[PDB]
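Have a look below at one chain only, the form deposited in one PDB entry, in structure tokens format.
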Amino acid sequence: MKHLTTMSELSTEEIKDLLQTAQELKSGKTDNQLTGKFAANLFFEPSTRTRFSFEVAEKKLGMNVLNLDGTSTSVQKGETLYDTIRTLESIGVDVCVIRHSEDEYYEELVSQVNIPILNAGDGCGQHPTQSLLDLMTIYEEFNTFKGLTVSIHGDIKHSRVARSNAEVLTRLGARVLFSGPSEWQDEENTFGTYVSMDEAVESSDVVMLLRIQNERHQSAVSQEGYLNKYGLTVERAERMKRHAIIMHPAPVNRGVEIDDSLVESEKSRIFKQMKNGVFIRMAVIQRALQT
């Protein structure tokens, strides 16, 4: 049994094995080892795109799926997450996928339960299958991480995914850049150099955009002028390297972080990421249940 909680808990070699298994699955490799086993999708915090992706993966592996969207009647009655998982084991669930509000909910969980937990997103915001599918997409494009320049743009401060991506990309030998409103930057980041979008589009092999939500303090950082000020405009995209790619974890705010016309332009790998997500999640599930 092998949980998946964070990228930092995986070895460079584990990452590469997962990417390789996903590529093989993407190529059509299939078996019946997991047919009839049970996966529970516990999306305490809803995320339809992520749940759908895991669900296709589970069903492509021949698994039965139990879905929970939003609050559980049990946790409403104060049930511990540990008891929830132990309940699932008792009824015959073999693997749990979890998206949950509590900060690092898994840390205590992982040593105490008897079935693998796959983190689909936590309170701190780690999202390891997103990182993995991102890595897979980059690797398919260039066949290496060494010496790549990867820029990541937007609310870096409040995207643990951005920061966990920067960290793992660094471990893999890539250089990382950040752009966005200065007030959304982590002032003390070991991984990545803060620069302007206008600089990054020219020096990058990979341009990774984040969704610009709407929340936090009074600073709404006008979504209206964001694209021009900070985002990937047509003019900025035109100055990208010939071989460079555009990535975005979705959903995309067209006209905000990116120009509506670029979402499906030739350098965009945005929908390819989504293709890859399923096979990554298949590989993560096989890893979870391998004996």
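Take the two forms, find the largest set of C-alpha atoms that superpose within 1.5 Å, and that set is the rigid core. Residue numbers here begin at 1 and follow the sequence given.
Higher mean CA temperature factor between 184 to 192 and 214 to 222: 214 to 222, per the PDB entry. As recorded in the PDB entry, 9 to 17 is the stretch of 9 to 17 and 271 to 279 with the greater mean C-alpha temperature factor. Residue set 27, 67, 233, 64: peak C-alpha B-factor at 27 (per PDB entry).
Each of 85, 161, 200, 133 has a CA temperature factor in the record; the biggest one is found at 161.
Ranked against the other modelled residues of its chain, the C-alpha B-factor of residue 238 as given in the entry falls in the middle third. Per the PDB record, residue ranking by Cα B-factor puts residue 255 in the middle third of the chain. Sorting the modelled residues of the chain by their CA temperature factor places residue 58 in the lowest third. Ranked against the other modelled residues of its chain, the C-alpha B-factor of residue 33 as given in the entry falls in the highest third. For residue 147, the recorded CA temperature factor ranks within the middle third of the chain's modelled residues.
One more form of this protein, deposited in another entry, exists but is not displayed; see below.
Among the residues 110, 221, 148, 172, the single one whose Cα moves by at least 2 Å between the shown form and the other one, once the core is superposed, is 221. Once both forms are fitted on their rigid core, the CA atom of residue 91 lies less than 2 Å apart between the shown form and the other one. With the core held fixed, residue 196 shows a CA shift below 2 Å between the shown form and the other one. Note on residue 228 and residue 221: their C-alpha atoms are more widely spaced in the other form, a change of at least 3 Å from this conformation. A shift of at least 3 angstroms brings the Cα atoms of residue 120 and residue 188 nearer to each other in the other form than in the displayed structure.
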